[PDB]
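One chain is shown next in structure tokens, namely the form deposited in one PDB entry.
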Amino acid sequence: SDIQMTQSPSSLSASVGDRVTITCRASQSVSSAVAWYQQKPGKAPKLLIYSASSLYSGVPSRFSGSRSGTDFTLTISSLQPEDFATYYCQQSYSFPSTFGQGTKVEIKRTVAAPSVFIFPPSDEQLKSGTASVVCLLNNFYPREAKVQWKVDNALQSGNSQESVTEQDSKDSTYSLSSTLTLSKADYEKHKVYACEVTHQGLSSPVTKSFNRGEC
């Protein structure tokens, strides 16, 4: 049987200076043949720990690993700003090698409500026969947020796609865009297009809308 490496949690939120622990649980003995890596967005992984508990040369000692039978943990004794990243365990006891699913370690800060903007489709795009309506949620925390599209007050489903940025290096917030896609024919048979946002930092849902053809 290929060896499973079950990594938890899949994400965690922590303040700078906090102690955190990440766990990887092997599905059979892997002796001590376990490594941990760090990966930042857009960049290659970097080795932190080898042989389960040995510190790789040049890695700061606030990183440590330990083995307890077939459970393995990566501990950071006190997070620094540059430690927020995704971490992967790996077993190399036998082939095929196995990576854990990864743990994203994000910065915890105070709640921030998003500012919301809606953008109608441009006249240029409409010439092409499709309309895209965009809703922007700017600089919010935490990441959980709900966007609902309404077309003449009817709730849309299955015709929108969302994208979230990485947590901001300066203010530690996220931003989100949601794009509603309609044919030109369907777009022109309705008037009121609306984006409805719920976020922890909002007492009540906030709605932004426009009327097709008016300013």
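All residue numbers refer to positions in the sequence shown, first residue = 1.
If you look for the form deposited in another entry, you will not find it shown, but the lines that follow are about it.
Undergrad: With the motion between this form and the one not shown described as two rigid parts, does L12 belong to the same part as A113?
TA: Different rigid parts: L12 and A113 travel as separate units between this form and the one not shown.
Undergrad: Your call: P81 and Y141 CA atoms, closer or farther in the other entry versus the shown structure, by 3 Å or more?
TA: Those two alpha carbons end up closer in the other entry.
Undergrad: Having a change of 3 Å or more in the C-alpha distance between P81 and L176, I'd like to know whether it is closer or farther in the other entry than in the form here.
TA: Closer, not farther.
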